[PDB]
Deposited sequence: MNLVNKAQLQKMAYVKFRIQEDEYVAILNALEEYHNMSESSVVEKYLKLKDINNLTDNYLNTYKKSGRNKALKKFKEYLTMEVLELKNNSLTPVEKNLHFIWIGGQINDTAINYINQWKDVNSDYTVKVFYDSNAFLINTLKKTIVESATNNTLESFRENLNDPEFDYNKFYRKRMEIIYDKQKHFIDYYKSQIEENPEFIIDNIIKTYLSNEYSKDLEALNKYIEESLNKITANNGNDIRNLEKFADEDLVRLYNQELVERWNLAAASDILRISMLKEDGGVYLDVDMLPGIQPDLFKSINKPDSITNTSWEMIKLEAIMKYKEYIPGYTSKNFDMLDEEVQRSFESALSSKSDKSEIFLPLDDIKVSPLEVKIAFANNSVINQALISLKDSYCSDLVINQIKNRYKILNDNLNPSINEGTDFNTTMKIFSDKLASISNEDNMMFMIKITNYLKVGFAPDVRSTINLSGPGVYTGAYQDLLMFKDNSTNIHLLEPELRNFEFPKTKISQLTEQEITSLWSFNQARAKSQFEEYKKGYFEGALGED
């Protein structure tokens, strides 16, 4: 898997009596100078491979019938192989920063209890729980608007409950039309306030608006802010509103779009996490992840043949929490179904262990290449719930570029659509038609997945987020990397290629109570039925 010589390339691409074209010399010259760059940095080496790939298909484009072409297509696959070799040979320990994010409301104790597990076992990591001191009321604002929209939609359904098809589908359709109006009424208010007074603070804009439009109590909202601030402060809180240099101005603008306009705290955290990893370096984790387990801990308890690998991983964390009680309240529903004898196998192994680092596996030195961002996998697909990146890595810039290029397309078409539209439905049709008019083979799936952006958080089965700030931006970056592109949207990378970037498996437990619970946000008919029930169950 060493990269072919200039001389070896001449052998592959040989055509008897054929003139050496300028475009072909160019490739050979360039490949020679690559092999002369052993002292160069890995990024520099990667950039040279990249210049070489571009020279190659300049030849392939200029001479489409050439007999060199079969060999030159092979060579391009060899260049891609060479990226992996550089990557595997350029590993170095990440900065020992451990990042979490909680924005738009008060951090729960459940989040704090999981975070502490990582804190206790990683003394040599700096734990930073990122928050936004301007924005403790995002969830309050959203919940208020949504509540108001739900209640209005039920009043329009009051005489049509028992029949025929005033059902969950119609509910969400009509409620969303109301949400849109209420949400745009806020955004317009916020936008005008920010024009008038650009020093103005988000939470202050929000309390004024809730106070005036939704009769909310100023005192109560002020109190909530104080409690939220006090709570994160006592828990390694890092205010993003202190930090100076991290702020790419375009990314900042996307962060506040997601935070203040769209109320999508997941997307805002998607944007924030990669930005902090580029600026700080380290390991990013969602607050629902737990440390890996020491491999040897339960190594001698054989899994009952009937139980799945997934259930068994789940059972192991539950055994830890039953007998050590590190997170109080942690479920034991699965663990309690095992035969008495197996429960005691777990109990005994947990008996002889004194400290938490004999139970959980500390991160210690994690090695990573400047060319990559490591990522967690769930179900054969990447998931950005855990990430690893050196400060200022090449691949962190690929991810950030993907986010910006995607949002650009979203905004350039969505902003005019919002401006021309008397309502949700007219805006949507306008937006969809605009997307249709510029769609092609490469961006068609992306265009399809971002069409329902305005419904994100308010309706079921929406996948816009994944394809703007989530998992899709990572597969796009990895394809950019391997294929020497900067625009990947149509993905041909398979799982085994994507596995080259997986987060070290022993160093994370993804199958926690909170995450499994969060995997259930499948359709909630129940919600439309529970909202329904909350109209006979009162005074």
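- Within the chain's deposited sequence, the coordinate-free stretches run 522 to 524, 543 to 546 in sequence order.
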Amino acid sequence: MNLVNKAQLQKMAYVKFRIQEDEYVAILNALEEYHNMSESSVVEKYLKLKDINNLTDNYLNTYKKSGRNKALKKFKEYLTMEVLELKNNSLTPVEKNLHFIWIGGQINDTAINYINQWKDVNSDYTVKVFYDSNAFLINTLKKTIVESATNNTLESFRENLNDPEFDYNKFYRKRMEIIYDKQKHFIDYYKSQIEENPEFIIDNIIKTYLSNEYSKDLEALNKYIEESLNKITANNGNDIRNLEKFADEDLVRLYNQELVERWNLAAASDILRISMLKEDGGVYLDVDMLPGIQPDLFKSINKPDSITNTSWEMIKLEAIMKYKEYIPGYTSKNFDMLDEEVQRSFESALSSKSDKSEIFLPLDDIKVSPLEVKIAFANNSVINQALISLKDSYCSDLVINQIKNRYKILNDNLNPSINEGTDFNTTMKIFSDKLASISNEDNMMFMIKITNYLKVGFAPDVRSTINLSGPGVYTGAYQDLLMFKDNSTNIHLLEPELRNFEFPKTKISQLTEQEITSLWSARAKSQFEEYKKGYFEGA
From here on, numbers count along this sequence of modelled residues.
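- Comparing the deposited coordinates for 437 to 445 and 162 to 170, the stretch with the larger average C-alpha B-factor is 162 to 170.
- The mean Cα B-factor in the deposited entry runs higher for 234 to 242 than for the other of 124 to 132 and 234 to 242.
- Take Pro328, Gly104, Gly281, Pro362 and read off each C-alpha B-factor from the entry; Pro328 has the highest.
- Per the deposited coordinates, the residue with the largest Cα temperature factor out of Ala111, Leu398, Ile466, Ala459 is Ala459.
- In the deposited entry, the Cα temperature factor of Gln117 places it in the middle third of its chain's modelled residues.
- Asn264: CA B factor lies in the lowest third for its chain, per the PDB record.
- Sorting the modelled residues of the chain by their CA temperature factor places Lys391 in the lowest third.
- For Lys45, the recorded CA temperature factor ranks within the lowest third of the chain's modelled residues.
- Ranked within its chain, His35 lands in the highest third, by CA B factor from the PDB record.
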